[PDB]
Each structure stands twice: as structure tokens, then as C-alpha cells.
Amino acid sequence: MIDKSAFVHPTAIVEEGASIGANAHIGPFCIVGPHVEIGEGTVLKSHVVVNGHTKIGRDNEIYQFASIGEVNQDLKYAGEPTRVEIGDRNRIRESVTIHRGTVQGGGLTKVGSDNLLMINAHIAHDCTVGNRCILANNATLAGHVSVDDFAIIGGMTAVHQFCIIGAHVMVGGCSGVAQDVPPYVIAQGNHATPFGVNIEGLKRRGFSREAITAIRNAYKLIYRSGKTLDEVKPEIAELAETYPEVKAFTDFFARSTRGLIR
């Protein structure tokens, strides 16, 4: 159904079943599918396409030429009624693409809130994206990719399917990411390599000097110890008992699959 308070540009095409929230705004030449759900105060500038089984939050801003809920580029996919969930307060820039999941992958492509998806940024089937993230121009995510909170991805950067990107992480741009990227680190180059701890961000974010240091130590333990993960894991765990920020490493390790970057 559609809100009396909602604005629908005469030129737009809303399909029957499409549910549109109050005070939302649908600009010219947009197309909204019958299974779409657009939250309050959300805006579709114009020439936007929203289809599939898509759920979109409130106060989102979506620019022209974006294509959301679209069918994916998987060859196995065949019209199965997969989904897309998008949080609130996102800013989705021109030409951005967000594809519906695969039953195989789990049928769901998810995007959190308060994120910034720059131009031509691409989100593949079955990804998962947190909050307060930033994906720069042309950044491209492969299928099954997971990006965590506060993560920032350099433009023209490619993330390889199944990879995980830690919270507070910083990815160069003009980079290629093939293994998992642990929290708080900065990565770089074609085949990213760790450059250390994203201090600046931790700073800007409110982290204590102690955590920031605790964090720094963990990194060392990891990349500098010369020990194998299997040997450090515990060391970190311990540390996490005093410094909570560290537990992040742990949880992450528990998800890592492509192993980490080096």
C-alpha cells in the first residue's frame, strides 16, 4: 500500500503490491516493483530501478541510475525469489548496483545503515554490509563478501568472493583483496598487504589510548611475532579479557575462511 503522505511523481511507475512508506519520495522515471517495500522519508531521486523482493529502510537517499534488487550475474541463478535488505540513512550514489542473493549463497544480500556507497560502487549477490561504511567510486564487491562496521574501501578496489573485511579497516583503493582482512588494519596494493593499524580512525572514533595500544600489540603479535596463528590465538584471547576491543580479533578469526592477508 501507499502513504497519502508519500510523493509519487506522475512519471514514475509503482507496481501493485509495492508498499511505500510515509513521506517517502519517488521521483520521475523511477520503477518500483510489486514486491518492494520502501520506508518512511526515503528518496528516489529519479531514473531509479527498484525491483525484486526488496526491503528498504527509512531516510535513505538514492540517486539516479542506481539499480536495486536487480537479478544477479550468477550463472546458476534462475529467477528464484531471493532478497535484499537495506537499512536506513544510507546514501546510495549514482550508478550503484545492488543484486539479489542466491538460494545457494543463502538468498540474501544485506546492507546496514548509515553507509556511503559511492558512484558505481557494486554489491554482489549475498553480500553483507554493516554500518557506517564507505565504499568508494567503482569499488566492487564480489559474491559472499562481508564488510564490517566503519570499514572504508578505496575506490577502484576489488574484493574477492568469500572475503571478510574487519571493522574499522581501511582499504587503499586501486587494490585487490584476496584473503580476509582483520579488524583495525590498513591494507594496500594489488594483492593487499597489511600496513599496520588504522590509528587515525580509532582516534577519530573515540577509542582509548589503552585500547589503541592493546590493539597495536595484538597486530604485532600477529604479523611480527613470527609465531603461527595457532600459537597466538590464545595470547590474544587472554588480552581480550582486559581489553575488550581485542575480542574483535577473536570473533573474526572465527569466521575467517580465505585466511588472512600478508
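Start at 1 with the first residue shown and count on from there.
Stretches compared: 167-175, 91-99. Higher mean C-alpha B-factor in the entry: 167-175.
Per the PDB record, of the two stretches 61-69 and 228-236, 228-236 carries the greater mean B-factor over its C-alpha atoms. Highest C-alpha temperature factor among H122, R83, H125, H160, as the PDB entry reports it: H160.
As recorded in the PDB entry, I222 shows the highest C-alpha B-factor of the residues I222, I31, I199, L44. In the deposited entry, the Cα temperature factor of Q188 sits in the top third of values across the chain's modelled residues. When all modelled residues of the chain are sorted by CA temperature factor, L116 is found within the lowest third. The PDB entry assigns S208 a C-alpha temperature factor belonging to the highest third of its chain's modelled residues. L75 sits in the highest third of its chain by CA B factor, as recorded in the PDB entry. Sorting the modelled residues of the chain by their CA temperature factor places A254 in the highest third.
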